[PDB]
Amino acid sequence: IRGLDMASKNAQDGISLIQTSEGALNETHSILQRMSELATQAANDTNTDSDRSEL
Amino acid sequence: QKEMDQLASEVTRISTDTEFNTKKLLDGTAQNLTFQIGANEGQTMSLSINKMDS
Amino acid sequence: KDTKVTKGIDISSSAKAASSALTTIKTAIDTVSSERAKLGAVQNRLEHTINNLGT
């Protein structure tokens, strides 16, 4: 009993360790999402190299 | 001929002066202009404007 | 000494290069989504493990 109630803390201390990781990758998604708009804009040929290098 | 040479010199001006962004369009250098009309690779359209001076 | 700099994928050299970076970026979004649900799957399991340990 004192093992399952303590192993329930370990299971919840692993839930926190995992929420932190996916919470962080939640933002790598948004950065990668914005990073993809600055390649559909850079692919247009109305941009100049002064503006592609600006992106 | 005085107006002949002045009209023909204005046709050349339009070619070398017409400029969108910093691109000379009508001087024969705006070739293979690729517009990314689409969210992926190869979803482009090309365009080539010929030199249109006198 | 040991100062790191990070340089983004090439989108400024040409319009062809910017288009090439489009698949590279959209693939990175795919390998981030894979990691996020490899961690969301473990968290869902750990939520069932906690109810069973508590019971």
# chains A, B, ... in the order shown; residues from 1 in each chain; ligands from 1
$ select_by_dssp --residues "chain A" --states "alpha helix (DSSP H)" --output "JSON, numbers by chain"
{"A": [4, 5, 6, 7, 8, 9, 10, 11, 12, 13, 14, 15, 16, 17, 18, 19, 20, 21, 22, 23, 24, 25, 26, 27, 28, 29, 30, 31, 32, 33, 34, 35, 36, 37, 38, 39, 40, 49, 50, 51, 52]}
$ residues_around --residues "range 2-8 of chain B" --least-positions-apart "6" --cutoff "12 Å" --atoms "only C-alpha atoms" --output "list in words"
residues 14, 15, 52, 53 and 54 of chain B
$ interface_residues --of "chain B" --to "chain C" --cutoff "9 Å" --atoms "only C-alpha atoms" --output "NGL selection string"
:B and (34 or 36 or 39-42)
$ write_last_selection --atoms "N, CA and C atoms" --output "PDB file, in the first residue's frame"
ATOM      1  N   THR B  34       9.054  33.707 -61.267  1.00  0.00           N
ATOM      2  CA  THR B  34       8.327  32.601 -60.666  1.00  0.00           C
ATOM      3  C   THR B  34       7.480  33.128 -59.519  1.00  0.00           C
ATOM      4  N   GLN B  36       5.034  32.053 -56.574  1.00  0.00           N
ATOM      5  CA  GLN B  36       4.620  30.895 -55.791  1.00  0.00           C
ATOM      6  C   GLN B  36       3.135  31.046 -55.505  1.00  0.00           C
ATOM      7  N   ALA B  39       0.847  26.675 -51.750  1.00  0.00           N
ATOM      8  CA  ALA B  39       1.491  26.526 -50.458  1.00  0.00           C
ATOM      9  C   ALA B  39       2.613  25.499 -50.450  1.00  0.00           C
ATOM     10  N   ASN B  40       2.926  24.882 -51.584  1.00  0.00           N
ATOM     11  CA  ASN B  40       3.871  23.778 -51.626  1.00  0.00           C
ATOM     12  C   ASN B  40       4.915  24.027 -52.705  1.00  0.00           C
ATOM     13  N   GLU B  41       5.822  23.064 -52.860  1.00  0.00           N
ATOM     14  CA  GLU B  41       6.782  23.088 -53.955  1.00  0.00           C
ATOM     15  C   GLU B  41       6.104  22.992 -55.310  1.00  0.00           C
ATOM     16  N   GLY B  42       6.722  23.616 -56.307  1.00  0.00           N
ATOM     17  CA  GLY B  42       6.300  23.445 -57.678  1.00  0.00           C
ATOM     18  C   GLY B  42       4.933  23.988 -57.991  1.00  0.00           C
TER      19      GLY B  42
END
$ residues_around --residues "range 7-12 of chain C" --least-positions-apart "5" --cutoff "12 Å" --atoms "only C-alpha atoms" --output "MDAnalysis selection string"
(chainID A and resid 32 35:45 47:55) or (chainID C and resid 17:25 28)
$ write_last_selection --atoms "N, CA, C and O atoms" --output "compact mmCIF listing (two decimals), in the first residue's frame"
# COMPACT_ATOMS: atom_id res chain seq x y z
N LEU A 32 7.81 26.91 -36.10
CA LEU A 32 7.87 26.24 -37.39
C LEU A 32 6.72 26.67 -38.30
O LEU A 32 6.86 26.66 -39.52
N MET A 35 7.72 30.02 -39.46
CA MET A 35 8.88 29.81 -40.31
C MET A 35 8.50 29.31 -41.69
O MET A 35 9.31 29.39 -42.61
N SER A 36 7.29 28.80 -41.85
CA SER A 36 6.81 28.34 -43.14
C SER A 36 6.16 29.43 -43.96
O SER A 36 6.11 29.32 -45.18
N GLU A 37 5.64 30.48 -43.31
CA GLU A 37 5.19 31.65 -44.06
C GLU A 37 6.37 32.41 -44.63
O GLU A 37 6.28 32.94 -45.74
N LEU A 38 7.47 32.49 -43.91
CA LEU A 38 8.67 33.08 -44.49
C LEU A 38 9.42 32.09 -45.35
O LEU A 38 10.64 31.99 -45.28
N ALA A 39 8.69 31.31 -46.14
CA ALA A 39 9.24 30.62 -47.29
C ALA A 39 8.28 30.61 -48.46
O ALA A 39 8.71 30.37 -49.59
N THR A 40 7.00 30.85 -48.22
CA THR A 40 6.06 31.10 -49.30
C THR A 40 6.12 32.54 -49.75
O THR A 40 5.78 32.85 -50.89
N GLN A 41 6.54 33.43 -48.85
CA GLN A 41 6.76 34.82 -49.22
C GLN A 41 8.10 34.99 -49.91
O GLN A 41 8.23 35.78 -50.85
N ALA A 42 9.12 34.27 -49.45
CA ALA A 42 10.44 34.34 -50.05
C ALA A 42 10.52 33.64 -51.40
O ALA A 42 11.44 33.92 -52.16
N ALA A 43 9.59 32.74 -51.70
CA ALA A 43 9.58 32.05 -52.98
C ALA A 43 9.01 32.89 -54.10
O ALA A 43 9.31 32.62 -55.27
N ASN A 44 8.19 33.89 -53.79
CA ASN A 44 7.67 34.78 -54.81
C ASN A 44 8.81 35.59 -55.42
O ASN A 44 9.74 35.98 -54.72
N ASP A 45 8.73 35.83 -56.72
CA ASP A 45 9.81 36.48 -57.44
C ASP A 45 9.59 37.98 -57.60
O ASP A 45 10.34 38.63 -58.33
N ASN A 47 9.91 39.60 -54.83
CA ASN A 47 10.95 39.94 -53.88
C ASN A 47 12.28 40.10 -54.59
O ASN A 47 12.54 39.48 -55.62
N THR A 48 13.13 40.96 -54.04
CA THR A 48 14.51 41.06 -54.48
C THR A 48 15.41 40.43 -53.43
O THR A 48 14.98 40.11 -52.32
N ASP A 49 16.68 40.24 -53.79
CA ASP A 49 17.62 39.67 -52.84
C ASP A 49 17.80 40.57 -51.63
O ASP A 49 18.10 40.08 -50.53
N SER A 50 17.61 41.88 -51.80
CA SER A 50 17.61 42.78 -50.65
C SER A 50 16.47 42.48 -49.70
O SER A 50 16.55 42.83 -48.52
N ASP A 51 15.40 41.85 -50.18
CA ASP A 51 14.24 41.52 -49.36
C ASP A 51 14.17 40.05 -48.98
O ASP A 51 13.59 39.73 -47.94
N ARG A 52 14.72 39.16 -49.79
CA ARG A 52 14.87 37.78 -49.35
C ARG A 52 15.85 37.70 -48.19
O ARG A 52 15.58 37.04 -47.18
N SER A 53 16.99 38.38 -48.32
CA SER A 53 17.92 38.47 -47.21
C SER A 53 17.31 39.25 -46.06
O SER A 53 17.78 39.16 -44.92
N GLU A 54 16.28 40.04 -46.35
CA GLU A 54 15.59 40.75 -45.29
C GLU A 54 14.73 39.78 -44.49
O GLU A 54 14.62 39.87 -43.27
N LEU A 55 14.08 38.84 -45.19
CA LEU A 55 13.34 37.77 -44.53
C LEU A 55 14.27 36.82 -43.81
O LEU A 55 13.90 36.24 -42.78
N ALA C 17 15.63 28.15 -53.92
CA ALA C 17 16.06 27.73 -52.59
C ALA C 17 14.95 27.90 -51.58
O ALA C 17 14.77 27.06 -50.69
N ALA C 18 14.20 29.00 -51.67
CA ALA C 18 13.10 29.22 -50.74
C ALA C 18 12.02 28.17 -50.91
O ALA C 18 11.44 27.71 -49.92
N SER C 19 11.72 27.78 -52.15
CA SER C 19 10.78 26.69 -52.37
C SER C 19 11.31 25.38 -51.80
O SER C 19 10.56 24.59 -51.23
N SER C 20 12.61 25.13 -51.96
CA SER C 20 13.20 23.91 -51.41
C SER C 20 13.04 23.86 -49.90
O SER C 20 12.72 22.81 -49.34
N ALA C 21 13.24 24.99 -49.23
CA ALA C 21 13.06 25.05 -47.79
C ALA C 21 11.62 24.79 -47.37
O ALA C 21 11.39 24.49 -46.20
N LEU C 22 10.66 24.90 -48.29
CA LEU C 22 9.27 24.68 -47.92
C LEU C 22 9.02 23.25 -47.49
O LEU C 22 8.38 23.01 -46.47
N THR C 23 9.52 22.27 -48.26
CA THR C 23 9.36 20.88 -47.87
C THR C 23 10.16 20.56 -46.61
O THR C 23 9.71 19.78 -45.77
N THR C 24 11.35 21.14 -46.47
CA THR C 24 12.14 20.90 -45.27
C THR C 24 11.41 21.39 -44.03
O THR C 24 11.43 20.73 -42.99
N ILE C 25 10.77 22.55 -44.13
CA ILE C 25 10.04 23.07 -42.98
C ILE C 25 8.79 22.25 -42.72
O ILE C 25 8.49 21.91 -41.57
N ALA C 28 9.63 19.15 -40.99
CA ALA C 28 9.96 19.36 -39.59
C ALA C 28 8.71 19.46 -38.74
O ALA C 28 8.69 18.99 -37.60
$ atom_distance --atom1 "CA of residue 44 in chain B" --atom2 "CA of residue 30 in chain A"
25.6 Å
$ interface_residues --of "chain B" --to "chain A" --cutoff "12 Å" --atoms "only C-alpha atoms" --output "list in words"
residues 19, 20, 21, 22, 23, 24, 25, 30, 31, 32, 33, 34, 35, 36, 37, 38, 39, 40, 41, 42, 43, 44, 45, 46, 47 and 48 of chain B
$ write_last_selection --atoms "C-alpha atoms" --output "CSV table (one decimal), in the first residue's frame"
chain,number,residue,atom,x,y,z
B,19,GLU,CA,10.4,49.4,-62.6
B,20,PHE,CA,8.3,47.5,-60.1
B,21,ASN,CA,10.0,47.1,-56.8
B,22,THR,CA,13.6,47.3,-58.0
B,23,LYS,CA,13.1,45.1,-61.1
B,24,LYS,CA,13.3,46.5,-64.7
B,25,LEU,CA,10.3,44.8,-66.3
B,30,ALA,CA,12.6,40.1,-66.2
B,31,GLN,CA,12.6,36.5,-67.4
B,32,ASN,CA,11.5,33.3,-65.6
B,33,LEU,CA,9.6,35.3,-63.0
B,34,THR,CA,8.3,32.6,-60.7
B,35,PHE,CA,5.2,33.4,-58.6
B,36,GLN,CA,4.6,30.9,-55.8
B,37,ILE,CA,0.9,30.6,-56.3
B,38,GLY,CA,0.4,27.7,-53.9
B,39,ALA,CA,1.5,26.5,-50.5
B,40,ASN,CA,3.9,23.8,-51.6
B,41,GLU,CA,6.8,23.1,-54.0
B,42,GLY,CA,6.3,23.4,-57.7
B,43,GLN,CA,3.0,25.3,-57.3
B,44,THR,CA,4.5,28.2,-59.3
B,45,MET,CA,3.9,30.1,-62.5
B,46,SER,CA,6.6,31.4,-64.8
B,47,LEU,CA,6.6,34.6,-66.8
B,48,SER,CA,8.9,36.2,-69.3
$ atom_distance --atom1 "CA of residue 12 in chain A" --atom2 "CA of residue 55 in chain C"
15.1 Å
$ decode --residues "range 32-48 of chain C" --atoms "C-alpha atoms" --output "mmCIF file, in the first residue's frame"
data_model
loop_
_atom_site.group_PDB
_atom_site.id
_atom_site.type_symbol
_atom_site.label_atom_id
_atom_site.label_comp_id
_atom_site.auth_asym_id
_atom_site.auth_seq_id
_atom_site.Cartn_x
_atom_site.Cartn_y
_atom_site.Cartn_z
ATOM 1 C CA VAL C 32 7.458 17.507 -34.264
ATOM 2 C CA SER C 33 3.865 16.288 -34.405
ATOM 3 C CA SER C 34 5.247 12.756 -34.155
ATOM 4 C CA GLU C 35 7.185 13.659 -31.016
ATOM 5 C CA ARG C 36 4.275 15.502 -29.423
ATOM 6 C CA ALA C 37 1.924 12.530 -29.643
ATOM 7 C CA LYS C 38 4.648 10.101 -28.667
ATOM 8 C CA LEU C 39 4.507 12.123 -25.442
ATOM 9 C CA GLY C 40 0.746 12.552 -25.430
ATOM 10 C CA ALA C 41 0.378 8.801 -25.717
ATOM 11 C CA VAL C 42 2.538 8.234 -22.643
ATOM 12 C CA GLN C 43 0.636 10.879 -20.700
ATOM 13 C CA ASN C 44 -2.694 9.255 -21.554
ATOM 14 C CA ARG C 45 -1.318 5.925 -20.353
ATOM 15 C CA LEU C 46 -0.032 7.478 -17.134
ATOM 16 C CA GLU C 47 -3.495 8.889 -16.468
ATOM 17 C CA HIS C 48 -4.910 5.362 -16.618
#
